[PDB]
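Participant: Chains as they are written, first to last, in the working numbering: chain A, 875 to 1166; chain B, 1439 to 1731; chain C, 5 to 298; chain D, 30 to 322.
Cβ coordinates follow ideal geometry from the N, Cα and C atoms, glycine included.
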């Protein structure tokens, strides 16, 4: 079953010290905050929100092991392990398998307009590296890609589905219609209820790091058929999303966590470093408005 | 309150003869078919689906009168009356009121990139014409974008009751629903009907309701009934219909299906492509048999 | 060389209206006289975007065409933009242009709806049958799906079609068309890249900005023909400074106010275009004139 | 004040790799020789997109810099693209550039994330303190949602002598030449070389100059010589060549043309497509025979 892939999966921040060192103690404290205080169903690690492009190859493995250790099998684990370095991505798949990750994902080849063919080969080679379920990222165009064409990706060995993060809910509806056998994790935080309505059961998002409660409220209202409440709670949540990102996203999440006694550290360069007081007031503003 | 604006409002097609004359007896038959067979809650006339840019000023007034007559107060009526001629628009608004149209709408100034200020003045002028509710079109960007806030100044213009929202941007729609709960937002994106209902839309305007009101009403019914899985299944079927339907020109396909049902809905006007009779007839049957049986 | 009459600057002529909104028939003549005699233009492109053609009635259009013919009295080349979604009207406009001795006609792409290639091809095909007068098609990047260099050639092969008015800011597509179709005429309608156009073989230029700055635009051409490459640069910076400054207020309101300042009865824009306060627009007209048109 | 060293053709060098992906070190030298002696370039631009920089390790990059500084021995101008999301590795690479007497460095726009202006500025600010070597910033249309004025504050940062301008936007290029006459802008759009010339570009960086520098020098010479018609005809041939070249993958076609001239320029690194060996060689043979004889 995909039962373990139901519910909320924050895209986990990766804690760094002020000087840009991987803050190992922080990683564990974050995982504990998510499992125990946020009460998440799973954790999605080393994605965009985890600052993965700013992590060294060894930083990556360290975080994967540290997370595995802190979780202690309590919640579902997914590691985002894709990069342009195919050999590193292969070892990472093995390491995910070894550490008992529930699934992996790999972001679409970026920067260059890599072709459908190149993308297919990218994902094909990675599937032979280990037997661990794979989620691909949704990709509208590569050099110029039909919902039929994306099906070819979906059928590669070990691929169970797709992380769907595009703002295009018609494509999402078309995929849910064509591939009812595949798992689609919905990655568009401000359209959670929309997601639910076309059959999404699992959600990966940055914003669930510190407001799983507000997101679960929408899901619980939806299952209980309180349609008015689905609307009001969504308006509130999307208020929260927009207030949140009036300062840098990862700086805000890390500050909110620090305000809650979690050692979540700081972003790396080149992300902007705010004055401690400025980001503290922002953390308080979000916390007081939304997270009581 | 806004109760008369609940349900389905097909964007009515405008029947023309094969040589493109306004087919006056066709207009009334289409109205009958929509009320009697599609069981619509309302009808939305002379928009893009009604080929309004291909109508003369005299055609527009005539269509309004023929619709008003055949309807006979049975369903709610909204007239899209906007163009670049502000005096013709004002006159169509007074005619709307006279004919007891429930609301009017006007498309955004088009072709040129008209500024916010110009668009606001254009709607302001229209409001002083007749005392009838007005729905403005939703506006993403105006000669370089318009916020939730900047758009609200359009919503506050005298007689403006709300907006016809057709954009495929469901976040923006959510934002408008939050900020303006006292305004009427008619939802015009047929393929996101259930997603529209989920965020509070209660009225739906669209070309696809001309011949599949039953299929869209099925979605609405399952939604109000809390049948989550039927909402999904019926939307999958309905959107299959939409993609199948527009594999030929929309209005040719919609008029061909009406003719197939024995309704004198006529044909489109130049420069829309005119298909061979048998090709468009087979398309019509294909749609009918697959979805409309 | 039969395209000789299509060389040089072709202002996209404004259409004078009264403050009321009426077609100002006397103004039409004065504008034409202004452009021939003071701007010393090579031709005039009438009832295009800049001529507010979408706010013109069918009669207004025929009237403007007749009046421009009469005022020009054959002095310069005349091209009439006549396209609309009313095909029977465009057909009559094509016959009228022929009757009035216009040198070419043009027709905008079918707009507002996403018309397909086959619909666009059929539209242009029906027009070409109406009268024996040279046709310039508008350059079309994308119709609802991309239009290729090869696909646009199917439009250029329609009877009477001699070329294309090319307005996109994509100068690569332009280089490609001049390479593939040197037997066709390409009227270059991106004023802020005049010298770029020259460089790739453009000899005719249709633009809003030549209504009041034909001298500035001619200086760039002359510098280029004289191989004064530094001056091509300097004269472009200046000209483009002028364009940006000009469109700081609405274009057509700016163009008409600049003409009115020079004593030309150019009138005003129609609704829904913004009507500026009397003095605000005059002062704008003075600024541009003092800075660029001395 | 004097930018004489940066006039002419500056191919974006390819980075040679073995069939199985190692950094073919001697291959780097055979390419550097082949561009200097046989393509007759004025300069080389190393470890850019065309040099597959994102597929190179930190050590790889350091190695390529050293190898190039060696095989050139000061014969042509050298520019290093050294930018990445690791600020400390860029800070180092700019000291390595200053040490190997590189004439210029550049750093790409922070990529993948939508980094803001403030972030972009601070990142160039940081890279400058590292080493007193002149910097060329990449031209940037938009950061996280970008004034020609704002882009000037980036030009003001210590050690910045101008910009690598690659956008297909010839208007904003004309605008930049107008406002900052005291700055070097290297023109990085191969298909509009003659249009860059027209507005004052004097140095050119690009991937196509790897195997057809002669064909592009032909355009510059005709231009300076005021031969208007040949500028046109020679541009048309060059752009036929460019569209022909990129009918298969760029780096694979280029590397394969080089291997065809007995230059050991190897292959691309994963994830780039690897062609069946007869396919890309028939492509190498076609381009060479039609354009490079």
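Look up residue 217 of chain D in the DSSP assignment and give the residues it is bridged to.
Facilitator: Residue 217 of chain D pairs with nothing; no bridge assigned.
Participant: Grab me the residues of residue 164 of chain C's own chain with a C-beta within less than 7 Å of its C-beta, minus the 5 sequence neighbours each way, in chain order.
Facilitator: Only 132, 136, 137, 138 and 139 meet the Cβ criterion.
Participant: Measuring alpha carbon to alpha carbon, tell me which residue in C:127, C:74 and C:121 is nearest residue 92 of chain C.
Facilitator: Nearest option by C-alpha distance: C:127.
Participant: Step through the CB atoms of chain A and report whether any lies within less than 8 Å of the CB of residue 1399 of chain B.
Facilitator: The question about residue 1399 of chain B has no answer, for chain B in this structure spans 1439 to 1731.
Participant: Quick one: is residue 244 of chain C near chain D, going by C-beta distance under 8 Å?
Facilitator: Output row for residue 244 of chain C: interface = yes.
Participant: Report the option in A:1153, A:1136 and A:1159 whose CA atom is closest to the CA atom of residue 910 of chain A.
Facilitator: Cα-wise, what sits closest to residue 910 of chain A is A:1136.
Participant: Out of curiosity, what's the CA-to-CA distance linking residue 1065 of chain A and residue 111 of chain C?
Facilitator: Near 44 Å, if we compare the C-alpha coordinates of residue 111 of chain C and residue 1065 of chain A.
Participant: At 3 residues or longer, what runs of the beta strand (DSSP E) sit wholly inside the stretch 1617-1696 of chain B?
Facilitator: Listed in chain order, they are 1622-1625 and 1641-1644.
Participant: Taking the beta strand (DSSP E) that residue 1450 of chain B falls in, what are its first and last residues?
Facilitator: Counting along the chain, residue 1450 of chain B falls outside any beta strand (DSSP E), and DSSP gives it neither H nor E.
Participant: Could you tell me which residues DSSP puts in a beta bridge with residue 1572 of chain B?
Facilitator: Answer is B:1542 and B:1598, bridged to residue 1572 of chain B.
Participant: From the DSSP output, in three-state form, read off residue 1557 of chain B for me.
Facilitator: Residue 1557 of chain B falls in the helix class under three-state DSSP.
Participant: If residue 324 of chain D sits next to residue 134 of chain D, beta carbons under 8 Å apart, how far is it from one beta carbon to the other, in whole angstroms?
Facilitator: There is no way to answer for residue 324 of chain D, as the model of chain D reaches only from 30 to 322.
Participant: Who are the Cβ neighbours of residue 1647 of chain B in its own chain at under 8 Å, not counting the five residues just before and after it?
Facilitator: Closer than 8 Å at the Cβ level, and outside the excluded window around residue 1647 of chain B, lie 1446, 1447, 1448, 1449, 1476, 1478, 1628 and 1654.
Participant: For residue 146 of chain C, name the three-state secondary structure that DSSP assigns.
Facilitator: In this structure, residue 146 of chain C counts as strand in the three-state DSSP scheme.
Participant: Kindly confirm or deny that the stretch 1121-1132 of chain A and the stretch 1072-1079 of chain A touch, where touching means at least three C-beta pairs closer than 8 Å.
Facilitator: No contact exists between the stretch 1121-1132 of chain A and the stretch 1072-1079 of chain A.
Participant: Is any beta-carbon of chain C found at less than 8 Å from that of residue 1756 of chain B?
Facilitator: Look at the range of chain B in this structure, 1439 to 1731, and you will see that residue 1756 of chain B is not part of it.
Participant: Using three-state DSSP, classify residue 79 of chain D as helix, strand or coil.
Facilitator: DSSP places residue 79 of chain D in coil when its eight states are reduced to three.
Participant: Taking the alpha-carbon of residue 989 of chain A as reference, which of A:1105, A:935, A:1013 and A:942 has the nearest alpha-carbon?
Facilitator: Checked all of A:1105, A:935, A:1013 and A:942; the closest Cα to residue 989 of chain A is A:1013.
Participant: Spell out whether any CB of chain D is found under 8 Å from the CB atom of residue 223 of chain C.
Facilitator: It does not; no Cβ of chain D falls within 8 Å.
Participant: How is residue 115 of chain C classed by DSSP in three states: helix, strand or coil?
Facilitator: In this structure, residue 115 of chain C counts as coil in the three-state DSSP scheme.
Participant: What are the residues that DSSP puts in a beta bridge with residue 950 of chain A?
Facilitator: In the DSSP output, where bridge partners are listed per residue, residue 950 of chain A has A:916.
Participant: Counting along the chain, where does the alpha helix (DSSP H) carrying residue 945 of chain A start and finish?
Facilitator: 931-945 is the span of the alpha helix (DSSP H), which, as asked, contains residue 945 of chain A.
Participant: With a threshold of 8 Å between beta carbons, is residue 215 of chain C in contact with chain B?
Facilitator: By this cut-off, residue 215 of chain C is not an interface position.
Participant: Since residue 1146 of chain A meets chain D, which of its residues come closer than 8 Å, beta carbon to beta carbon?
Facilitator: The answer, in chain order, is 145, 147, 148 and 151.
Participant: Looking only at DSSP bridge pairs, what is residue 46 of chain D linked to?
Facilitator: Paired residue(s): D:52 and D:296.
Participant: Could you give the DSSP three-state label for residue 1603 of chain B: helix, strand or coil?
Facilitator: Strand, per DSSP.
Participant: For residue 1051 of chain A, decide whether its Cβ has a neighbour in chain B, counting only Cβ atoms nearer than 8 Å.
Facilitator: Closer than 8 Å to some Cβ of chain B, the Cβ of residue 1051 of chain A qualifies, so yes.
Participant: Are there 16 or more other CB atoms within 10 angstroms of the CB of residue 1017 of chain A, so buried, or fewer, so exposed?
Facilitator: Answer is exposed; the Cβ neighbour count stays below 16.
Participant: With DSSP as the reference, identify every bridge partner of residue 12 of chain C, one or two as the case may be.
Facilitator: C:208, per the DSSP bridge assignment.
Participant: Please confirm whether residue 1134 of chain A has its beta-carbon closer than 8 Å to some beta-carbon of chain B.
Facilitator: Judged by the 8 Å Cβ criterion, residue 1134 of chain A is not in contact with chain B.
Participant: At the 8 Å Cβ level, is residue 116 of chain D part of the contact set with chain A, yes or no?
Facilitator: Residue 116 of chain D counts as touching chain A.
Participant: Skipping 5 residues on each side, what residues in its chain have a beta carbon closer than 8 Å to that of residue 265 of chain C?
Facilitator: Correct list, in chain order: 286, 289, 290 and 293.
Participant: In angstroms with no decimal places, state the Cα-to-Cα distance between residue 228 of chain C and residue 77 of chain D.
Facilitator: Each residue's Cα considered, the two are about 35 Å apart.
Participant: Check the Cβ-Cβ distances between residue 1491 of chain B and every residue of chain C, and say whether any is below 8 Å.
Facilitator: True, the Cβ-Cβ gap to chain C drops below 8 Å.
Participant: Where does residue 1731 of chain B fall in DSSP's three states?
Facilitator: Three-state DSSP puts residue 1731 of chain B in coil, outside helix and strand.
Participant: Please state if the CB of residue 249 of chain D and the CB of residue 193 of chain D are separated by a distance shorter than 8 Å.
Facilitator: No, these two residues do not count as a Cβ contact at 8 Å.
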